[PDB]
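>>> Fold the following.
(chains A, B, C, D, E, F and G, ligands or ions: 143)
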Amino acid sequence: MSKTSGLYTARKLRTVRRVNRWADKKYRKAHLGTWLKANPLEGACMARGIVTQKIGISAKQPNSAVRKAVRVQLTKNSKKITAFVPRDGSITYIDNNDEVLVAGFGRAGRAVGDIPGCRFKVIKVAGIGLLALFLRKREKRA
Amino acid sequence: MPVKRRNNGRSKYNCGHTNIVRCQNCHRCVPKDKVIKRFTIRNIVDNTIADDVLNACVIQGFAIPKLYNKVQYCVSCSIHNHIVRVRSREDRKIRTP
Amino acid sequence: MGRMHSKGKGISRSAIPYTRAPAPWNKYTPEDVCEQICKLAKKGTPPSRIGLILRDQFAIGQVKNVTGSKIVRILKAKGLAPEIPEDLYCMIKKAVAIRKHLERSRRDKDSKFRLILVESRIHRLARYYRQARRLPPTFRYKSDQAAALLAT
Amino acid sequence: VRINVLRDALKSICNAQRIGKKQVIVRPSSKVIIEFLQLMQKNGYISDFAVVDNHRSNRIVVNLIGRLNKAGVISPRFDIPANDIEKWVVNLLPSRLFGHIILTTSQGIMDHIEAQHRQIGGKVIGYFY
Amino acid sequence: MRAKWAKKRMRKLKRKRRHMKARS
Amino acid sequence: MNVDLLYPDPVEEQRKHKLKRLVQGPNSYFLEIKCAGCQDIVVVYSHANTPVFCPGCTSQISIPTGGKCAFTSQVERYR
RNA sequence: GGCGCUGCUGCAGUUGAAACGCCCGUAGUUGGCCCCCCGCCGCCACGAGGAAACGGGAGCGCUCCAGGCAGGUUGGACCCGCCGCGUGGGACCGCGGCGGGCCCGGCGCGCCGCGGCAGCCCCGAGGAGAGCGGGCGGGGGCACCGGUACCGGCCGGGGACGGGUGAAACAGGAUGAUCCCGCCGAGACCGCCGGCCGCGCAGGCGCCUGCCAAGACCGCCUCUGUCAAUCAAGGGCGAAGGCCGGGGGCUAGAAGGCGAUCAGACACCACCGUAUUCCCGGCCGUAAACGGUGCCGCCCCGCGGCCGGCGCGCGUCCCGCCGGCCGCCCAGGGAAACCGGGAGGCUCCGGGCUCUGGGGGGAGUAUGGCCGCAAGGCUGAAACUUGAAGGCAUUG
Ligand SMILES: [K+]
Ligand SMILES: [K+]
Ligand SMILES: [K+]
Ligand SMILES: [K+]
Ligand SMILES: [K+]
Ligand SMILES: [K+]
Ligand SMILES: [K+]
Ligand SMILES: [K+]
Ligand SMILES: [K+]
Ligand SMILES: [K+]
Ligand SMILES: [K+]
Ligand SMILES: [K+]
Ligand SMILES: [K+]
Ligand SMILES: [K+]
Ligand SMILES: [K+]
Ligand SMILES: [K+]
Ligand SMILES: [K+]
Ligand SMILES: [K+]
Ligand SMILES: [K+]
Ligand SMILES: [K+]
Ligand SMILES: [K+]
Ligand SMILES: [K+]
Ligand SMILES: [K+]
Ligand SMILES: [K+]
Ligand SMILES: [K+]
Ligand SMILES: [K+]
Ligand SMILES: [K+]
Ligand SMILES: [K+]
Ligand SMILES: [K+]
Ligand SMILES: [K+]
Ligand SMILES: [K+]
Ligand SMILES: [K+]
Ligand SMILES: [K+]
Ligand SMILES: [K+]
Ligand SMILES: [K+]
Ligand SMILES: [K+]
Ligand SMILES: [K+]
Ligand SMILES: [K+]
Ligand SMILES: [K+]
Ligand SMILES: [K+]
Ligand SMILES: [K+]
Ligand SMILES: [K+]
Ligand SMILES: [K+]
Ligand SMILES: [K+]
Ligand SMILES: [K+]
Ligand SMILES: [K+]
Ligand SMILES: [K+]
Ligand SMILES: [K+]
Ligand SMILES: [K+]
Ligand SMILES: [K+]
Ligand SMILES: [K+]
Ligand SMILES: [K+]
Ligand SMILES: [K+]
Ligand SMILES: [K+]
Ligand SMILES: [K+]
Ligand SMILES: [K+]
Ligand SMILES: [K+]
Ligand SMILES: [K+]
Ligand SMILES: [K+]
Ligand SMILES: [K+]
Ligand SMILES: [K+]
Ligand SMILES: [K+]
Ligand SMILES: [K+]
Ligand SMILES: [K+]
Ligand SMILES: [K+]
Ligand SMILES: [K+]
Ligand SMILES: [K+]
Ligand SMILES: [K+]
Ligand SMILES: [K+]
Ligand SMILES: [K+]
Ligand SMILES: [K+]
Ligand SMILES: [K+]
Ligand SMILES: [K+]
Ligand SMILES: [K+]
Ligand SMILES: [K+]
Ligand SMILES: [K+]
Ligand SMILES: [K+]
Ligand SMILES: [K+]
Ligand SMILES: [K+]
Ligand SMILES: [K+]
Ligand SMILES: [K+]
Ligand SMILES: [K+]
Ligand SMILES: [K+]
Ligand SMILES: [K+]
Ligand SMILES: [K+]
Ligand SMILES: [K+]
Ligand SMILES: [K+]
Ligand SMILES: [K+]
Ligand SMILES: [K+]
Ligand SMILES: [K+]
Ligand SMILES: [K+]
Ligand SMILES: [K+]
Ligand SMILES: [K+]
Ligand SMILES: [K+]
Ligand SMILES: [K+]
Ligand SMILES: [K+]
Ligand SMILES: [K+]
Ligand SMILES: [K+]
Ligand SMILES: [K+]
Ligand SMILES: [K+]
Ligand SMILES: [K+]
Ligand SMILES: [K+]
Ligand SMILES: [K+]
Ligand SMILES: [K+]
Ligand SMILES: [K+]
Ligand SMILES: [K+]
Ligand SMILES: [K+]
Ligand SMILES: [K+]
Ligand SMILES: [K+]
Ligand SMILES: [K+]
Ligand SMILES: [K+]
Ligand SMILES: [K+]
Ligand SMILES: [K+]
Ligand SMILES: [K+]
Ligand SMILES: [K+]
Ligand SMILES: [K+]
Ligand SMILES: [K+]
Ligand SMILES: [K+]
Ligand SMILES: [K+]
Ligand SMILES: [K+]
Ligand SMILES: [K+]
Ligand SMILES: [K+]
Ligand SMILES: [K+]
Ligand SMILES: [Mg+2]
Ligand SMILES: [Mg+2]
Ligand SMILES: [Mg+2]
Ligand SMILES: [Mg+2]
Ligand SMILES: [Mg+2]
Ligand SMILES: [Mg+2]
Ligand SMILES: [Mg+2]
Ligand SMILES: [Mg+2]
Ligand SMILES: [Mg+2]
Ligand SMILES: [Mg+2]
Ligand SMILES: [Mg+2]
Ligand SMILES: [Mg+2]
Ligand SMILES: [Mg+2]
Ligand SMILES: [Mg+2]
Ligand SMILES: [Mg+2]
Ligand SMILES: [Mg+2]
Ligand SMILES: [Mg+2]
Ligand SMILES: [Mg+2]
Ligand SMILES: [Mg+2]
Ligand SMILES: [Mg+2]
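Residues are numbered from 1 along each chain as shown, chains lettered A, B, ... in the order given. Ligands and ions are numbered 1, 2, ... in the order given. Please find the structure below.
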């Protein structure tokens, strides 16, 4: 019957499911424990760090552009990341020592769109929300 | 690549392995049940002189001897020398000689 | 049958009559076919061949219909049943024959294959007889010792 | 080897009716098969049958009148409390109004309507509709 | 590459690694 | 035409395999033969493959053949 | 949750990812039919006993409401812990000498055969094993043995080229080749017949004669009495190439050498040739080891061919039965090609058992372990990367 039947086979039916559960990439990513170790944010929604550089990144094949990003050192584990800055003209609030709050792009650690090697993005600069800085609701000191 | 023929291109029924023959044109190795096989009976002298040998023969009641040859070729040599042709999908089912 | 140790699938077998009664021409009583059975067992005839002889000479289709018991049971009732049942004995005989053939021919792998099959069947049947109390609990088939037990 | 004689009987009957046959032979017979055919008869899905003796496992000859949409068994025979019957009714049956799930209980073999009429449970053996 | 020759290449690679790790 | 499976015609039932009949039964039977030189008569199985002798003779009077058996110089019956 | 993309209900495994090369076999899982009205499990029902809050739920206008337990004789009813305990059922699923009198309230314990009992065997599977008869077949092992051919040598003859290719060149020849005929040696091989023939567990299997053990099928009024199915661990066999130690050595021929071709040719084509190819004793354990289709069991419109055994009929045939190998094909199935002796009887989903897969890469890699003389084999990740890869089919 391609599966075992019979009134006394509960142990086998449970062993098979336990073994074949690991064959799914989603389950293996969320349950094995290697992704939690390798995750730069250590399983958190966001993380703060200091900017070490400003950079421009080429887009992928069918598009043509220079995307604006920053290399960031993490406070809590001293890892190296790169984070994207959205919203036209926003790369002008980022001095080379500016505490930044950084979150993900969505897709839970996968690159999106046309930016090669980018999985994070800046949401706050030196204490102030970057979106409200673009919408002209608050301003930086000087 | 789906399956092209029900016989898989050979005549092998209820056995594991069959004998090897050498193609008579190029000498490659072919299994015996796949090789193209033809039998020929011909005269040793060509028909265009078959009456001049006969009229210049001293023995009374002589009969021209014959030759018996079984020719066996591989698939490539059979197609190249036109012993068999590439056929339409419908025509491939025909076994008539 | 011919299906435990091959891909046979044959169905050749015998089918016995529905009516369970003596023959119209049956003169014999149970006490006089038990006589012939015991004379044939004393003479050394195995129980499967006794039925053949009674069928072919004495015109008796089934012994059960004329007596009410079976051949091996009658032998057991008169103390003339064998120590080892006939089928296990025949399998041991065939194993001894194949081993003795293999002693001269060490390059015969087909015979080694069939020897394995026979001995597996022997062990399974020996276990059946042992747990059924038709054989001593210490019964064991031993390949090396099997030639001289056939004498006893 | 042969394990579920009732399963083979019901497959044979469904095949024979799908062809459009009047009679069908099923072998071997058994007490359970006779109980199942008796229930099918009493609901009106089959006509007369006959068990023929052969000093062995017998045969059965079944007469067919074209009323059987489907018949099957449930293996293994799971046990069912009184309150799970309906969670099985909307699983196997084409509706809540016709069809029959057959249970064995300590009060005999019976369909599900009588099983909730006597408010008891049992073990499922099959279904027809 | 034809997979047979890729397998040949990989076997030569693994044998080179075993030989280099044999030292020390 | 309307056959009933519960009462099959015996003639077309004898031509089927002994096991797939409605009620399985044997194919063989017994029969009487007369010794070519003795007045008496003996009863013989139809599918014998074991020696069968005369009451007087010491020559075996049957030939096993893999099916129904043949006999040497004797004349037979059916009962 | 979507997601039947984790599938017990309920997935997929011919070709998309996926049936171990094959046979044996322990643990495990599963196991035909039959006696009813006893015992012991399981199972179903109803009880007893233990906590509230939460969750359900009877009644009530905090103005409604999330709430709360209120209130105008009252009320806060009831249900929900559990593989244990008690009562009942008993379909389904298993497992299993007696009386009387001594004797006396019972039970044991022995004592008398005392004359009371029908004293103490379902059946014989279109399960299986054993038997006897009969044919059947490139099934296996050992010894022996014929035939031409390829190669090599020798005698005689005769006298200019022979070989090789698409065309040529290197090899050969007045030391007489090539060619013709006779004689000799050695080692391989087994043609035509040779097949929609046949055999074996698969890998595989073809000269003569002799010996040896086996096998499936058929036939049967022979014997036994469930002795079975599938199988982690474990055991055995396993094309070719390859390895160790001996032997042999014709042919072909990895490597190597050499003549052409070509821009180049270290290749394809020509010529010479080492290991190897063959025998013996071991090792290795892999193939598109393919029907790309695991094993056992049931039902299943038909028309044909061939192989083995048996039976009836006429006068070799002819009609059946069983077992095997094939072709076509209604229904049904399917993404289709196609299958149809299943790939059917399946979203109308449940006969039993074992194995494998879960987008494409990285990768069958790193690492550890076991095995191997080695070459290997078996077991076998992660970081990271990517929007498709793939199947079958249509037109150009
Ligand atoms: K499946
Ligand atoms: K499945
Ligand atoms: K399974
Ligand atoms: K069970
Ligand atoms: K699974
Ligand atoms: K393809
Ligand atoms: K082919
Ligand atoms: K064949
Ligand atoms: K063949
Ligand atoms: K041909
Ligand atoms: K070819
Ligand atoms: K088998
Ligand atoms: K068979
Ligand atoms: K069969
Ligand atoms: K052996
Ligand atoms: K053995
Ligand atoms: K065994
Ligand atoms: K064995
Ligand atoms: K056993
Ligand atoms: K055993
Ligand atoms: K003995
Ligand atoms: K490959
Ligand atoms: K490959
Ligand atoms: K390879
Ligand atoms: K028949
Ligand atoms: K018959
Ligand atoms: K007969
Ligand atoms: K899901
Ligand atoms: K779900
Ligand atoms: K769902
Ligand atoms: K499936
Ligand atoms: K293919
Ligand atoms: K793959
Ligand atoms: K694969
Ligand atoms: K693949
Ligand atoms: K498999
Ligand atoms: K496996
Ligand atoms: K196995
Ligand atoms: K096995
Ligand atoms: K077994
Ligand atoms: K086992
Ligand atoms: K067990
Ligand atoms: K199991
Ligand atoms: K079990
Ligand atoms: K079973
Ligand atoms: K219960
Ligand atoms: K019940
Ligand atoms: K409390
Ligand atoms: K009161
Ligand atoms: K209990
Ligand atoms: K109780
Ligand atoms: K009780
Ligand atoms: K008392
Ligand atoms: K023979
Ligand atoms: K044959
Ligand atoms: K032969
Ligand atoms: K042979
Ligand atoms: K042979
Ligand atoms: K041999
Ligand atoms: K031989
Ligand atoms: K010769
Ligand atoms: K010779
Ligand atoms: K010249
Ligand atoms: K040779
Ligand atoms: K022949
Ligand atoms: K033939
Ligand atoms: K032949
Ligand atoms: K043959
Ligand atoms: K043949
Ligand atoms: K034949
Ligand atoms: K043959
Ligand atoms: K032959
Ligand atoms: K016979
Ligand atoms: K078994
Ligand atoms: K099974
Ligand atoms: K097995
Ligand atoms: K194994
Ligand atoms: K193993
Ligand atoms: K081998
Ligand atoms: K090999
Ligand atoms: K070698
Ligand atoms: K050589
Ligand atoms: K040699
Ligand atoms: K080589
Ligand atoms: K070369
Ligand atoms: K090259
Ligand atoms: K090339
Ligand atoms: K050469
Ligand atoms: K070599
Ligand atoms: K050599
Ligand atoms: K070779
Ligand atoms: K050789
Ligand atoms: K090998
Ligand atoms: K493969
Ligand atoms: K193939
Ligand atoms: K399997
Ligand atoms: K024939
Ligand atoms: K025939
Ligand atoms: K045959
Ligand atoms: K024949
Ligand atoms: K025949
Ligand atoms: K025939
Ligand atoms: K048949
Ligand atoms: K058949
Ligand atoms: K047939
Ligand atoms: K077949
Ligand atoms: K398996
Ligand atoms: K597998
Ligand atoms: K596999
Ligand atoms: K696999
Ligand atoms: K390693
Ligand atoms: K080693
Ligand atoms: K070494
Ligand atoms: K070596
Ligand atoms: K090594
Ligand atoms: K190594
Ligand atoms: K290794
Ligand atoms: K594709
Ligand atoms: K593919
Ligand atoms: K592809
Ligand atoms: K493919
Ligand atoms: K299509
Ligand atoms: K398509
Ligand atoms: Mg088996
Ligand atoms: Mg069978
Ligand atoms: Mg028979
Ligand atoms: Mg028969
Ligand atoms: Mg789901
Ligand atoms: Mg033979
Ligand atoms: Mg081995
Ligand atoms: Mg070996
Ligand atoms: Mg050579
Ligand atoms: Mg050479
Ligand atoms: Mg492999
Ligand atoms: Mg394979
Ligand atoms: Mg395979
Ligand atoms: Mg055939
Ligand atoms: Mg065939
Ligand atoms: Mg076919
Ligand atoms: Mg799996
Ligand atoms: Mg390693
Ligand atoms: Mg290792
Ligand atoms: Mg399409």
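
>>> use CA for all of it now, contacts and neighbours both
Will do.

>>> Beyond the strand or helix carrying residue D:86, next helix or strand please.
Applying DSSP states H and E as the criterion places residue D:86 in helix D:85-92. Using DSSP H and E, the helix or strand that follows helix D:85-92 towards the C-terminus is strand D:100-105.

>>> and that next one, which residues are buried?
The neighbour-count check on strand D:100-105 (16 or more other C-alpha atoms under 10 Å in any protein chain shown) flags D:100-104 as buried.

>>> How about residues contacting the helix holding residue D:86?
D:95-96, D:101, D:112, D:127 (C-alpha atoms under 8 Å, 6 or more residues apart in numbering or on different chains).

>>> In JSON lines, list the buried residues of strand D:100-105 along with distance to ligand 126.
Converted to JSON lines, those look like this (distance: C-alpha to the ion, whole Å):
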{"residue": "D:100", "distance to ligand 126": "44"}
{"residue": "D:101", "distance to ligand 126": "44"}
{"residue": "D:102", "distance to ligand 126": "41"}
{"residue": "D:103", "distance to ligand 126": "43"}
{"residue": "D:104", "distance to ligand 126": "41"}
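
>>> what about the strands in the chain?
Here I'm looking at chain A. Here chain A has its strands, by DSSP state E, at A:46-58, A:66-74, A:80-84, A:99-104, A:120-125, A:128-129.

>>> think we crossed wires, I meant chain F
F:30-34, F:41-45, F:62-63, F:70-71, F:75-76.

>>> that older thread, does any bit of the helix holding residue D:86 sit next to RNA strand G?
Yes - interface with RNA strand G: helix D:85-92 contributes D:91-92 (C-alpha under 7 Å from any atom of the strand).

>>> For residue C:5, give its distance to ligand 17.
As judged by C-alpha to the ion, to the nearest Å, residue C:5 and ligand 17 stand 12 Å apart.

>>> so that residue touches residue C:116, yeah?
No - the criterion here is C-alpha atoms under 8 Å, and residue C:5 misses it with residue C:116 at 10.7 Å.

>>> picking up where we left off before, neighbour-wise, which of the contacts of helix D:85-92 leads?
residue D:112 (26 neighbours; other C-alpha atoms under 10 Å in any protein chain shown).

>>> re earlier: how about the buried residues of strand D:100-105 in JSON lines, adding distance to residue D:116?
Converted to JSON lines, these look like this (distance: C-alpha to C-alpha, whole Å):
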{"residue": "D:100", "distance to residue D:116": "12"}
{"residue": "D:101", "distance to residue D:116": "12"}
{"residue": "D:102", "distance to residue D:116": "12"}
{"residue": "D:103", "distance to residue D:116": "11"}
{"residue": "D:104", "distance to residue D:116": "13"}
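
>>> tell me which of these is nearest to ligand 25?
residue D:102 (35.6 Å; C-alpha to the ion).

>>> List the beta-bridge partners for that closest one.
Beta-bridge pairing of residue D:102, defined through DSSP bridges, involves residue D:111, residue D:126.

>>> mind listing what it touches?
Taking C-alpha under 8 Å, 6+ apart, one finds D:109-112, D:124-127 in contact with residue D:102.

>>> how about a cut-off of 7 Å?
D:110-112, D:124-127 (C-alpha atoms under 7 Å, 6 or more residues apart in numbering or on different chains).

>>> And it, how close does it get to residue D:96?
15 Å (C-alpha to C-alpha, to the nearest Å).

>>> Check residue D:5 too.
Separation of residue D:5 from residue D:96 (C-alpha to C-alpha) stands at 29 Å.

>>> what's the burial count for residue 63?
Reading this off chain A. Every residue meeting other C-alpha under 10 Å relative to residue A:63 is counted, giving 10.

>>> my bad, the chain I had in mind was chain D
By other C-alpha under 10 Å, the residues close to residue D:63 number 18.

>>> Which single one of the contacts of helix D:85-92 is nearest to ligand 10?
Nearest to ligand 10 among those, counting by C-alpha to the ion, is residue D:127 at 57.2 Å.

>>> any idea where the helices of the chain begin and end?
In the absence of a named chain, this looks at chain A. Secondary structure of chain A (DSSP state H): helices at A:10-20, A:25-31, A:34-38, A:130-134.

>>> My question was about chain E, not that one.
Using DSSP H, helices in chain E cover E:3-22.

>>> now chain D
Along chain D, counting by DSSP H, helices occupy D:5-19, D:31-43, D:85-92, D:112-117.

>>> would JSON lines of the ones you listed with distance to residue B:7 be doable?
JSON lines is the format used below for the helices of chain D (distance: least, C-alpha to C-alpha, whole Å):
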{"stretch": "helix D:5-19", "distance to residue B:7": "33"}
{"stretch": "helix D:31-43", "distance to residue B:7": "46"}
{"stretch": "helix D:85-92", "distance to residue B:7": "44"}
{"stretch": "helix D:112-117", "distance to residue B:7": "54"}
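
>>> With respect to residue C:24, which of the ones you listed lies nearest?
Closest approach to residue C:24 among the helices of chain D (C-alpha to C-alpha): helix D:31-43, 36.1 Å.

>>> Briefly note if that closest one comes near RNA strand G.
Yes - shown here: helix D:31-43 in contact with RNA strand G (C-alpha under 7 Å from any atom of the strand) through D:31-32.

>>> can you give me the offset of that helix from its chain's centre?
6 Å (C-alpha atoms, centre = their mean, to the nearest Å).

>>> Kindly report the domain assignment for chain D.
D:1-68, D:69-129 (curated CATH domains).

>>> Show me the one of the helices of chain D that comes nearest residue B:67.
When the helices of chain D are compared (using C-alpha to C-alpha), the closest one is helix D:5-19, at 61.2 Å.

>>> just checking, what packs against that closest one?
strand D:23-26, strand D:71-73 (3 or more C-alpha pairs under 7 Å, 6 or more residues apart in numbering or on different chains; DSSP states H and E).

>>> quick one: which of those is nearest residue C:23?
strand D:23-26 (32.2 Å).
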